[PDB]
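In the form deposited in one PDB entry, a lone chain appears below as structure tokens.
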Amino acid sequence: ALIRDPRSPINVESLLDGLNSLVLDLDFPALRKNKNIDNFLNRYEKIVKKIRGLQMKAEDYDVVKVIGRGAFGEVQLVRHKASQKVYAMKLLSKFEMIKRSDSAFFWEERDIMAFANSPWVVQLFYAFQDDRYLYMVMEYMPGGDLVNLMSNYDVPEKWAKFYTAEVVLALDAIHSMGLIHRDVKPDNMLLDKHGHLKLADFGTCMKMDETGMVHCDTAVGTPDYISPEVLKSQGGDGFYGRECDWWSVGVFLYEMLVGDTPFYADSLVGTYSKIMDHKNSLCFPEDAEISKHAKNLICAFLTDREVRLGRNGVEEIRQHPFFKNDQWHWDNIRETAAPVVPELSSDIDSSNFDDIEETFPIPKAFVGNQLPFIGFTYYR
């Protein structure tokens, strides 16, 4: 009965993952001296290779261009050969994830994009694997990200109101699924064909307790955007709530209106120290020319959690005077016209993206390197 459920760990895709993964981890001359291992391989090695050809696989896609990179892989603009549809495909290297003891962040990332069913969340259509990579096949966002937008325009406060509102709604939606994002930044804010925002890169997300809190002893995210409480949790037993995402919205709003990040330093350790000393290090440039309302919202986000705007819920963010505007309302913003509408040449126009510039050793005994990746495959 669970076999049909796309959420169950024992659906057909996961059962096939196990059989495929066992053959992968055993098929070596050394391990084949065990008769058990050889008797199984003989029975199943021909049909597994047949199954491999009929399963969704990488060679079914044309690689048009590489449009993104990360610690463990890259994102490619692809076209599915048979259907001629266009997607963005993210790859995660199995060797690197094992080599750097980081093998479990992709579960929530896959599940959010697959099941959120939200206009604010990039949607996942397929997940598959081969012996080297994980693959997440996603709806393509041809508008680019907000780093690219900020590098090409001087963002007036009217635009900043729009993108900050859309981010607030997107984070609220993620919070209502029980998740804290923890890596809010402009590189994770993607724009669709109509210029509206979606969140991406859910690698550092975490589900909250029945109390709304998370225990964590590890500081995560990006150094420019990390909140004091998350940073402080590296020294043991962090207990914090969703409000760490609102701190990172404050950094984003500063960066859009001022042109630099508010805790900039030449060293990572300097950035870490400035964030700790934020009550003294947060300083707007003399030539800023930023409104009183914008400066008040920025400073209401860039405080300690016990005092931070949003600690009581999103309604206190939405009423803030900075969001007074003559173009949109909180309940209809994504159906109004975005400030920048992309002009697109073809369905593989990638002009809003800058251009971009090892394996396991053969085992002596059973290691099970493919075991952590069982159950990743998903067919919509």
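Numbers follow the displayed sequence, beginning with 1. Just so we're on the same page, rigid core means the largest C-alpha set that superposes within 1.5 Å between forms.
Peer 1: Given the other compared entries that model the residues flanking it, would you say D217 is unmodelled in at least one third?
Peer 2: yes, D217 frequently unmodelled elsewhere, at least a third of entries.
Peer 1: Can you tell me whether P285 lacks a model in a third or more of the other compared entries?
Peer 2: Comparison shows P285 kept in all of the other entries.
Peer 1: Look at the stretch from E357 to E358 and count the residues of the deposited sequence that the entry does not model, then pick none, 1 to 3, 4 to 9, or 10 or more.
Peer 2: Going from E357 to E358, the model skips 4 to 9 residues of the deposited sequence.
Peer 1: Compare the mean C-alpha B-factor of 136-144 with that of 260-268 as given in the PDB entry, and name the stretch with the higher value.
Peer 2: Between 136-144 and 260-268, it is 260-268.
Peer 1: Looking at the deposited entry, does 299-307 or 97-105 carry the larger mean Cα B-factor?
Peer 2: So the stretch with the higher mean C-alpha B-factor is 97-105.
Peer 1: If I read the C-alpha B-factors straight from the PDB entry, which of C283, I174, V184, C244 is highest?
Peer 2: Of the options given, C283 has the highest CA B-factor in the PDB entry.
Peer 1: In the PDB entry, which of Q327, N42, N312, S351 has its C-alpha at the highest B-factor?
Peer 2: Of the options given, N42 has the highest CA B-factor in the PDB entry.
Peer 1: Relative to the other modelled residues in the chain, which third contains the C-alpha temperature factor of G70: lowest, middle or highest?
Peer 2: CA B-factor rank for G70: middle third.
Peer 1: Check where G212 lands among this chain's C-alpha B-factors and tell me if it's the lowest, middle or highest third.
Peer 2: According to the entry, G212 has a C-alpha B-factor in the chain's highest third.
Peer 1: Tell me, lowest, middle or highest third: where does the Cα B factor of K81 rank within its chain?
Peer 2: Highest third - that is where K81 ends up once the chain's C-alpha B-factors are sorted.
Peer 1: Taking only the Cα B-factors deposited for this chain, tell me whether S345 sits in the lowest, middle or highest third.
Peer 2: Middle third.
Peer 1: Can you tell me which third, lowest, middle or highest, the CA B-factor of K35 falls into for its chain?
Peer 2: It falls in the top third of the chain.
Another form exists, deposited in another entry; not displayed. Remarks below refer to it.
Peer 1: Please name the single residue among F95, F284, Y153, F115 whose Cα shifts by at least 2 Å between this form and the one not shown after core superposition.
Peer 2: The one that shifts is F284.
Peer 1: Using the rigid core as the reference frame, would you say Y272 shifts its C-alpha by 2 Å or more between this form and the one not shown?
Peer 2: Result for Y272: yes, a 2 Å-plus shift.
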